[PDB]
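As stored in query_12.txt (compact mmCIF, C-alpha atoms and all ligand atoms):
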# COMPACT_ATOMS: atom_id res chain seq x y z
CA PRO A 2 -93.73 55.38 -14.52
CA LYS A 3 -90.68 57.39 -15.64
CA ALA A 4 -88.98 59.99 -13.47
CA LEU A 5 -86.45 62.57 -14.62
CA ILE A 6 -83.95 64.09 -12.23
CA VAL A 7 -82.07 67.09 -13.46
CA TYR A 8 -79.41 68.63 -11.31
CA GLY A 9 -77.05 71.56 -11.30
CA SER A 10 -74.07 70.97 -9.10
CA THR A 11 -70.63 72.47 -8.96
CA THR A 12 -68.94 70.78 -6.07
CA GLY A 13 -70.88 67.53 -6.30
CA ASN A 14 -73.26 67.94 -3.41
CA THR A 15 -76.49 68.28 -5.32
CA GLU A 16 -75.23 65.57 -7.64
CA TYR A 17 -74.81 63.14 -4.76
CA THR A 18 -78.24 64.12 -3.56
CA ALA A 19 -79.72 63.44 -7.00
CA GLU A 20 -78.03 60.04 -7.19
CA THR A 21 -79.40 59.16 -3.75
CA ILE A 22 -82.94 60.08 -4.74
CA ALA A 23 -82.59 58.28 -8.06
CA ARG A 24 -81.73 55.00 -6.36
CA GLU A 25 -84.69 55.33 -4.01
CA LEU A 26 -87.10 55.92 -6.88
CA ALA A 27 -85.63 53.09 -8.91
CA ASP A 28 -85.89 50.65 -6.02
CA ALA A 29 -89.53 51.55 -5.80
CA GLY A 30 -90.18 50.71 -9.44
CA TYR A 31 -89.73 53.95 -11.35
CA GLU A 32 -87.65 54.06 -14.50
CA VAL A 33 -85.28 56.91 -13.64
CA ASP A 34 -83.29 59.16 -15.95
CA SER A 35 -80.80 61.32 -14.08
CA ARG A 36 -79.19 64.12 -15.99
CA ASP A 37 -76.69 66.82 -15.31
CA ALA A 38 -78.14 70.18 -16.28
CA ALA A 39 -75.05 70.92 -18.28
CA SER A 40 -76.05 68.20 -20.76
CA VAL A 41 -79.67 69.05 -21.37
CA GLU A 42 -81.70 71.38 -23.53
CA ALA A 43 -84.77 73.03 -22.11
CA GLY A 44 -87.17 72.58 -24.96
CA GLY A 45 -89.54 69.75 -24.15
CA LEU A 46 -87.26 68.42 -21.47
CA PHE A 47 -90.07 67.07 -19.35
CA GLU A 48 -91.91 65.35 -22.18
CA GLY A 49 -92.76 61.79 -21.38
CA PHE A 50 -92.00 61.92 -17.70
CA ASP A 51 -94.46 61.21 -14.96
CA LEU A 52 -92.41 62.88 -12.27
CA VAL A 53 -89.65 65.46 -12.57
CA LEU A 54 -87.22 66.32 -9.79
CA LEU A 55 -85.10 69.42 -10.15
CA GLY A 56 -82.05 70.10 -8.08
CA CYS A 57 -79.75 73.03 -7.88
CA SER A 58 -77.27 74.63 -5.52
CA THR A 59 -77.31 78.31 -4.61
CA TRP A 60 -74.62 80.85 -5.36
CA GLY A 61 -74.08 84.56 -5.75
CA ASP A 62 -71.82 87.19 -4.17
CA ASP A 63 -74.64 89.24 -2.67
CA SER A 64 -77.69 88.02 -4.57
CA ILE A 65 -79.38 84.66 -5.00
CA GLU A 66 -77.92 83.03 -8.11
CA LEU A 67 -78.66 79.61 -9.43
CA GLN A 68 -75.92 77.15 -10.32
CA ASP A 69 -74.53 78.05 -13.74
CA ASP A 70 -75.57 74.94 -15.61
CA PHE A 71 -79.11 75.31 -14.35
CA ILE A 72 -79.52 78.89 -15.37
CA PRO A 73 -80.40 78.22 -19.00
CA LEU A 74 -82.97 75.70 -17.97
CA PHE A 75 -84.55 78.09 -15.46
CA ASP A 76 -84.54 80.85 -18.01
CA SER A 77 -86.43 78.60 -20.44
CA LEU A 78 -88.58 76.78 -17.96
CA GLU A 79 -91.68 77.78 -19.82
CA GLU A 80 -90.64 75.53 -22.68
CA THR A 81 -90.01 72.38 -20.70
CA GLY A 82 -93.53 70.98 -20.49
CA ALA A 83 -94.13 71.86 -16.86
CA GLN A 84 -97.85 72.55 -17.05
CA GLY A 85 -99.72 69.92 -15.12
CA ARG A 86 -96.47 68.10 -14.45
CA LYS A 87 -95.76 66.61 -11.03
CA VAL A 88 -92.48 68.11 -9.85
CA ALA A 89 -90.48 68.54 -6.71
CA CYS A 90 -87.26 70.44 -6.03
CA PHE A 91 -84.18 69.91 -4.00
CA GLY A 92 -80.90 71.64 -3.46
CA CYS A 93 -77.75 71.90 -1.38
CA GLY A 94 -76.60 75.01 0.33
CA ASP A 95 -75.01 76.31 3.48
CA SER A 96 -76.94 77.87 6.33
CA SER A 97 -74.18 80.42 6.89
CA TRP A 98 -76.10 82.21 4.15
CA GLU A 99 -79.42 83.88 5.03
CA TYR A 100 -80.94 82.80 1.71
CA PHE A 101 -80.42 79.19 2.52
CA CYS A 102 -81.08 77.11 -0.53
CA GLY A 103 -82.60 80.13 -2.15
CA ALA A 104 -82.37 78.53 -5.55
CA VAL A 105 -84.99 76.04 -4.48
CA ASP A 106 -87.43 78.82 -3.71
CA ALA A 107 -86.82 80.52 -7.03
CA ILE A 108 -87.44 77.32 -8.96
CA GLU A 109 -90.53 76.44 -6.98
CA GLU A 110 -92.05 79.83 -7.54
CA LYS A 111 -91.52 79.72 -11.28
CA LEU A 112 -92.90 76.20 -11.48
CA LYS A 113 -96.03 77.28 -9.67
CA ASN A 114 -96.54 80.14 -12.12
CA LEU A 115 -96.06 77.60 -14.92
CA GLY A 116 -98.85 75.38 -13.70
CA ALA A 117 -96.75 72.56 -12.40
CA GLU A 118 -97.98 70.48 -9.49
CA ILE A 119 -95.47 70.64 -6.64
CA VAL A 120 -95.84 67.33 -4.91
CA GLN A 121 -93.75 68.05 -1.82
CA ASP A 122 -91.99 71.11 -0.40
CA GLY A 123 -88.39 71.30 -1.60
CA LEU A 124 -85.60 69.42 0.12
CA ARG A 125 -82.90 71.78 1.42
CA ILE A 126 -79.62 70.26 2.53
CA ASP A 127 -77.09 72.03 4.65
CA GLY A 128 -73.45 70.99 4.50
CA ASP A 129 -72.25 67.57 3.50
CA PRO A 130 -75.21 65.72 2.02
CA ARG A 131 -73.78 62.34 2.99
CA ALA A 132 -74.39 63.49 6.56
CA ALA A 133 -78.01 64.05 5.61
CA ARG A 134 -78.58 60.80 3.81
CA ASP A 135 -81.50 59.72 5.97
CA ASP A 136 -83.24 63.02 5.26
CA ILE A 137 -82.77 62.61 1.50
CA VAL A 138 -84.03 59.04 1.45
CA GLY A 139 -86.96 60.09 3.65
CA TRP A 140 -87.86 62.96 1.30
CA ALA A 141 -87.72 60.66 -1.74
CA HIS A 142 -90.10 58.34 0.05
CA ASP A 143 -92.45 61.23 0.84
CA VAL A 144 -92.38 62.41 -2.77
CA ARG A 145 -93.38 58.93 -3.88
CA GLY A 146 -96.21 58.78 -1.44
CA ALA A 147 -97.52 62.12 -2.64
CA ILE A 148 -98.02 61.19 -6.30
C1 LIG A 201 -70.03 82.66 -3.20
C2 LIG A 201 -70.84 81.50 -2.66
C3 LIG A 201 -72.21 81.88 -2.56
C4 LIG A 201 -73.13 81.02 -1.96
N1 LIG A 201 -74.45 81.40 -1.70
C5 LIG A 201 -75.22 80.58 -1.10
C6 LIG A 201 -76.45 81.04 -0.75
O1 LIG A 201 -76.96 82.15 -0.95
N2 LIG A 201 -77.30 80.10 -0.13
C7 LIG A 201 -76.84 78.76 0.25
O2 LIG A 201 -77.68 78.11 0.88
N3 LIG A 201 -75.59 78.41 -0.08
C8 LIG A 201 -74.76 79.19 -0.73
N4 LIG A 201 -73.55 78.75 -1.05
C9 LIG A 201 -73.23 77.40 -0.66
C10 LIG A 201 -73.24 76.43 -1.80
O3 LIG A 201 -74.53 76.37 -2.32
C11 LIG A 201 -72.90 75.12 -1.16
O4 LIG A 201 -71.45 75.01 -1.08
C12 LIG A 201 -73.29 73.83 -1.90
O5 LIG A 201 -73.03 72.69 -1.12
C13 LIG A 201 -72.86 73.65 -3.36
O6 LIG A 201 -73.64 72.55 -3.86
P1 LIG A 201 -73.12 71.86 -5.17
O7 LIG A 201 -71.84 71.07 -4.85
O8 LIG A 201 -74.27 70.90 -5.57
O9 LIG A 201 -72.92 72.91 -6.20
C14 LIG A 201 -72.73 79.68 -1.57
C15 LIG A 201 -71.33 79.31 -1.75
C16 LIG A 201 -70.43 80.18 -2.30
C17 LIG A 201 -69.00 79.85 -2.37

Now, as a test, write the supplied structure out as structure tokens.
Amino acid sequence: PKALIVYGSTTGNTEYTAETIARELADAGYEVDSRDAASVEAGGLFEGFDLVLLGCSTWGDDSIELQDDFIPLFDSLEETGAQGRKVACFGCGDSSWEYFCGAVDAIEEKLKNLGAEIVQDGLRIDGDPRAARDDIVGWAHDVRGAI
């Protein structure tokens, strides 16, 4: 099986989290392709992948805004090949904000409309993800067991 991880990260937190998940999946036997959202195009992005994991941090002055590099992908999600695709989401944030990891919710909701199959509720990391390593590894393991 092939898994794609696409992340939008500005300060490196969601990127670390994506790398952590990627190693877990690889150790299990998946062929993993991990890509920064800045480097991808939406159109047919998910083609060929058995599992897609999308990660993004949350921004915005007084609204929920997705990480800049992820925005174009979210805006064109309908062209990615999400129907019937097994997906799960993750993100980093900071619980000082009420809309903690709000990006994750926005992405999940769109995916559901698009007919994707959300295999596990999104992983939401507060603060330094290295401090949450066990939680990330545990979530990767739960995603695997949910396929
Ligand atoms: C202006 C600003 C707005 C933010 N808004 C949110 C927010 O609504 N929800 C949240 O959970 N975190 C918010 N954050 C926290 C970032 O998402 C958090 O620093 C995160 O670790 C960045 O992840 P990244 O390094 O992968 O981009 C905000 C941070 C800044 C500076």

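Minimum atom-to-atom distance to ligand LIG 201 (chain A), evaluated using all atoms listed in the file, belongs to A:128 out of A:73, A:146, A:45, A:128.
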
Open item on the list: Applying 7 Å and only C-alpha atoms, which residues near region 62-68 of chain A remain after dropping the ones on its own chain fewer than 3 positions away? List them as number ranges by chain.
Closed with: A: 9-10, 57-59, 71-72, 103-104

TODO: Check every protein, DNA and RNA residue against ligand LIG 201 (chain A), keep those with an atom at most 12 Å away (counting all atoms listed in the file), and present them as JSON, numbers by chain.
DONE: {"A": [7, 8, 9, 10, 11, 12, 13, 14, 15, 16, 17, 18, 19, 20, 37, 38, 55, 56, 57, 58, 59, 60, 61, 62, 63, 64, 65, 66, 67, 68, 69, 70, 71, 91, 92, 93, 94, 95, 96, 97, 98, 99, 100, 101, 102, 103, 104, 105, 106, 107, 124, 125, 126, 127, 128, 129, 130, 131]}

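Here CA of residue 80 (chain A) and CA of residue 49 (chain A) stand 14.0 Å from one another.
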
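The interatomic distance for the pair CA of residue 21 (chain A) and CA of residue 134 (chain A) works out to 7.8 Å.
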
Open item on the list: Please report the interatomic distance between CA of residue 22 (chain A) and CA of residue 133 (chain A) in Å with one decimal.
Closed with: 12.1 Å

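Residues in contact with residue 82 (chain A) at up to 12 Å, not including ones fewer than 2 positions away on its chain and judged by all atoms listed in the file, are residues 43, 44, 45, 46, 47, 48, 49, 50, 51, 52, 53, 74, 77, 78, 79, 80, 84, 85, 86, 87, 88, 112, 115, 116, 117 and 118 of chain A.
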
Task: Pick from A:132, A:39, A:23, A:29 nearest to residue 145 (chain A), counting all atoms listed in the file - done: A:29

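Minimum atom-to-atom distance to residue 5 (chain A), evaluated using all atoms listed in the file, belongs to A:36 out of A:109, A:42, A:139, A:36.
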
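Of the listed residues (A:2, A:90, A:35, A:120), A:90 comes nearest to residue 137 (chain A); the distances count all atoms listed in the file.
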
Could you model N, CA, C and O atoms for region 52-78 of chain A and present them as a PDB file, in the coordinates of the input?
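Full text of selection_17.pdb as output:
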ATOM      1  N   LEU A  52     -92.872  62.165 -13.448  1.00  0.00           N
ATOM      2  CA  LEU A  52     -92.410  62.880 -12.270  1.00  0.00           C
ATOM      3  C   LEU A  52     -91.059  63.511 -12.648  1.00  0.00           C
ATOM      4  O   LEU A  52     -90.237  62.846 -13.264  1.00  0.00           O
ATOM      5  N   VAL A  53     -90.919  64.753 -12.298  1.00  0.00           N
ATOM      6  CA  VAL A  53     -89.650  65.460 -12.570  1.00  0.00           C
ATOM      7  C   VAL A  53     -89.156  66.075 -11.242  1.00  0.00           C
ATOM      8  O   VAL A  53     -89.891  66.676 -10.497  1.00  0.00           O
ATOM      9  N   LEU A  54     -87.886  65.778 -10.980  1.00  0.00           N
ATOM     10  CA  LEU A  54     -87.220  66.320  -9.790  1.00  0.00           C
ATOM     11  C   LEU A  54     -86.049  67.208 -10.269  1.00  0.00           C
ATOM     12  O   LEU A  54     -85.278  66.855 -11.133  1.00  0.00           O
ATOM     13  N   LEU A  55     -86.096  68.443  -9.778  1.00  0.00           N
ATOM     14  CA  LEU A  55     -85.100  69.420 -10.150  1.00  0.00           C
ATOM     15  C   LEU A  55     -84.289  69.839  -8.929  1.00  0.00           C
ATOM     16  O   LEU A  55     -84.796  70.239  -7.933  1.00  0.00           O
ATOM     17  N   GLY A  56     -82.990  69.790  -9.142  1.00  0.00           N
ATOM     18  CA  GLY A  56     -82.050  70.100  -8.080  1.00  0.00           C
ATOM     19  C   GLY A  56     -81.038  71.124  -8.502  1.00  0.00           C
ATOM     20  O   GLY A  56     -80.505  71.033  -9.561  1.00  0.00           O
ATOM     21  N   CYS A  57     -80.742  72.012  -7.554  1.00  0.00           N
ATOM     22  CA  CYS A  57     -79.750  73.030  -7.880  1.00  0.00           C
ATOM     23  C   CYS A  57     -79.160  73.606  -6.597  1.00  0.00           C
ATOM     24  O   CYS A  57     -79.908  73.906  -5.663  1.00  0.00           O
ATOM     25  N   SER A  58     -77.883  73.913  -6.599  1.00  0.00           N
ATOM     26  CA  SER A  58     -77.270  74.630  -5.520  1.00  0.00           C
ATOM     27  C   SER A  58     -77.419  76.158  -5.740  1.00  0.00           C
ATOM     28  O   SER A  58     -77.786  76.637  -6.789  1.00  0.00           O
ATOM     29  N   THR A  59     -77.145  76.864  -4.654  1.00  0.00           N
ATOM     30  CA  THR A  59     -77.310  78.310  -4.610  1.00  0.00           C
ATOM     31  C   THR A  59     -75.954  79.006  -4.452  1.00  0.00           C
ATOM     32  O   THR A  59     -75.123  78.572  -3.692  1.00  0.00           O
ATOM     33  N   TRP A  60     -75.851  80.087  -5.247  1.00  0.00           N
ATOM     34  CA  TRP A  60     -74.620  80.850  -5.360  1.00  0.00           C
ATOM     35  C   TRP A  60     -74.933  82.362  -5.281  1.00  0.00           C
ATOM     36  O   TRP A  60     -76.037  82.705  -4.917  1.00  0.00           O
ATOM     37  N   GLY A  61     -73.908  83.132  -5.671  1.00  0.00           N
ATOM     38  CA  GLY A  61     -74.080  84.560  -5.750  1.00  0.00           C
ATOM     39  C   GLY A  61     -73.271  85.310  -4.689  1.00  0.00           C
ATOM     40  O   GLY A  61     -73.346  84.927  -3.542  1.00  0.00           O
ATOM     41  N   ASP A  62     -72.587  86.359  -5.109  1.00  0.00           N
ATOM     42  CA  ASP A  62     -71.820  87.190  -4.170  1.00  0.00           C
ATOM     43  C   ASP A  62     -72.706  87.859  -3.143  1.00  0.00           C
ATOM     44  O   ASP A  62     -72.441  87.821  -1.938  1.00  0.00           O
ATOM     45  N   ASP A  63     -73.729  88.604  -3.567  1.00  0.00           N
ATOM     46  CA  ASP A  63     -74.640  89.240  -2.670  1.00  0.00           C
ATOM     47  C   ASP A  63     -76.033  89.314  -3.342  1.00  0.00           C
ATOM     48  O   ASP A  63     -76.709  90.318  -3.307  1.00  0.00           O
ATOM     49  N   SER A  64     -76.383  88.233  -3.977  1.00  0.00           N
ATOM     50  CA  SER A  64     -77.690  88.020  -4.570  1.00  0.00           C
ATOM     51  C   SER A  64     -77.883  86.492  -4.585  1.00  0.00           C
ATOM     52  O   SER A  64     -76.928  85.764  -4.403  1.00  0.00           O
ATOM     53  N   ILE A  65     -79.092  86.082  -4.847  1.00  0.00           N
ATOM     54  CA  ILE A  65     -79.380  84.660  -5.000  1.00  0.00           C
ATOM     55  C   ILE A  65     -79.143  84.342  -6.489  1.00  0.00           C
ATOM     56  O   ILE A  65     -79.882  84.871  -7.309  1.00  0.00           O
ATOM     57  N   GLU A  66     -78.204  83.460  -6.724  1.00  0.00           N
ATOM     58  CA  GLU A  66     -77.920  83.030  -8.110  1.00  0.00           C
ATOM     59  C   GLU A  66     -78.000  81.515  -8.129  1.00  0.00           C
ATOM     60  O   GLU A  66     -77.624  80.809  -7.242  1.00  0.00           O
ATOM     61  N   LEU A  67     -78.589  81.051  -9.250  1.00  0.00           N
ATOM     62  CA  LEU A  67     -78.660  79.610  -9.430  1.00  0.00           C
ATOM     63  C   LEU A  67     -77.294  79.123  -9.976  1.00  0.00           C
ATOM     64  O   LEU A  67     -76.493  79.889 -10.467  1.00  0.00           O
ATOM     65  N   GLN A  68     -77.082  77.859  -9.786  1.00  0.00           N
ATOM     66  CA  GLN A  68     -75.920  77.150 -10.320  1.00  0.00           C
ATOM     67  C   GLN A  68     -75.859  77.359 -11.847  1.00  0.00           C
ATOM     68  O   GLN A  68     -76.898  77.345 -12.472  1.00  0.00           O
ATOM     69  N   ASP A  69     -74.682  77.656 -12.362  1.00  0.00           N
ATOM     70  CA  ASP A  69     -74.530  78.050 -13.740  1.00  0.00           C
ATOM     71  C   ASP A  69     -75.177  77.168 -14.763  1.00  0.00           C
ATOM     72  O   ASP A  69     -75.690  77.666 -15.757  1.00  0.00           O
ATOM     73  N   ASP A  70     -75.074  75.837 -14.544  1.00  0.00           N
ATOM     74  CA  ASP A  70     -75.570  74.940 -15.610  1.00  0.00           C
ATOM     75  C   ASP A  70     -77.093  74.923 -15.616  1.00  0.00           C
ATOM     76  O   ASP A  70     -77.730  74.566 -16.587  1.00  0.00           O
ATOM     77  N   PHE A  71     -77.675  75.323 -14.491  1.00  0.00           N
ATOM     78  CA  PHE A  71     -79.110  75.310 -14.350  1.00  0.00           C
ATOM     79  C   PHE A  71     -79.772  76.562 -14.899  1.00  0.00           C
ATOM     80  O   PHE A  71     -80.939  76.582 -15.156  1.00  0.00           O
ATOM     81  N   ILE A  72     -78.994  77.650 -14.928  1.00  0.00           N
ATOM     82  CA  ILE A  72     -79.520  78.890 -15.370  1.00  0.00           C
ATOM     83  C   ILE A  72     -80.258  78.839 -16.686  1.00  0.00           C
ATOM     84  O   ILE A  72     -81.373  79.332 -16.786  1.00  0.00           O
ATOM     85  N   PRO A  73     -79.676  78.266 -17.726  1.00  0.00           N
ATOM     86  CA  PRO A  73     -80.400  78.220 -19.000  1.00  0.00           C
ATOM     87  C   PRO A  73     -81.704  77.495 -18.975  1.00  0.00           C
ATOM     88  O   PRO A  73     -82.686  77.805 -19.615  1.00  0.00           O
ATOM     89  N   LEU A  74     -81.723  76.427 -18.122  1.00  0.00           N
ATOM     90  CA  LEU A  74     -82.970  75.700 -17.970  1.00  0.00           C
ATOM     91  C   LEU A  74     -84.014  76.576 -17.271  1.00  0.00           C
ATOM     92  O   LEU A  74     -85.176  76.596 -17.613  1.00  0.00           O
ATOM     93  N   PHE A  75     -83.590  77.244 -16.211  1.00  0.00           N
ATOM     94  CA  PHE A  75     -84.550  78.090 -15.460  1.00  0.00           C
ATOM     95  C   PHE A  75     -85.062  79.191 -16.374  1.00  0.00           C
ATOM     96  O   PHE A  75     -86.220  79.550 -16.409  1.00  0.00           O
ATOM     97  N   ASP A  76     -84.121  79.752 -17.171  1.00  0.00           N
ATOM     98  CA  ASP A  76     -84.540  80.850 -18.010  1.00  0.00           C
ATOM     99  C   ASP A  76     -85.552  80.395 -19.075  1.00  0.00           C
ATOM    100  O   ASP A  76     -86.260  81.186 -19.644  1.00  0.00           O
ATOM    101  N   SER A  77     -85.513  79.096 -19.390  1.00  0.00           N
ATOM    102  CA  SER A  77     -86.430  78.600 -20.440  1.00  0.00           C
ATOM    103  C   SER A  77     -87.419  77.621 -19.900  1.00  0.00           C
ATOM    104  O   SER A  77     -87.915  76.733 -20.569  1.00  0.00           O
ATOM    105  N   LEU A  78     -87.721  77.776 -18.595  1.00  0.00           N
ATOM    106  CA  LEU A  78     -88.580  76.780 -17.960  1.00  0.00           C
ATOM    107  C   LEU A  78     -89.917  76.648 -18.631  1.00  0.00           C
ATOM    108  O   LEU A  78     -90.577  75.641 -18.591  1.00  0.00           O
TER     109      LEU A  78
END
